[PDB]
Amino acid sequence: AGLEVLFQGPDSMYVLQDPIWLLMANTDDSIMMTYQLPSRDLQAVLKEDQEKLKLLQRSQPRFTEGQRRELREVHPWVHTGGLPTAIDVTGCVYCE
C-alpha cells in the first residue's frame, strides 16, 4: 500500500515495516471501501464526553498575566467568557 517506514531493527540493521497505526488497523479491502462510522446519539456522547472533561479539567491550560495580554486581541473569547467566534455555529458553514 506504499505506506511503510524504516524502523530501527536490531543493533545490526534497519527493518522496513508498516507503521504501528497501520499495523493496528484492520485495513483489508472491505473496510477501505465499505466502512462507515456508526450513527451515534448526540446527547449520549456529550454526556460521555462530559464525564471525561471532569477528569481533564485540572490539566487545562492556565494563562499567565502576560499570556492573557497576548491573547486579548487574538482570542477575544478568553477575557469575554463566551465561545470563540469560529466555533459558535450550527455545523459546517458551507452546508448551512
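All residue numbers are counted from 1 along the displayed sequence.
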Fill in the blank from the handout: Higher of the two mean Cα B-factors (74-82, 15-23; per PDB record) comes from 74-82
Fill in the blank from the handout: Assert higher mean C-alpha B factor (29-37 or 60-68, deposited values) equals 29-37
Fill in the blank from the handout: Assert third(CA B-factor, residue 1) within chain per record equals middle
Practice task
Comparing against every modelled residue in the chain, figure out the third that the C-alpha B-factor of residue 42 lands in (lowest, middle or highest).
Solution key: highest
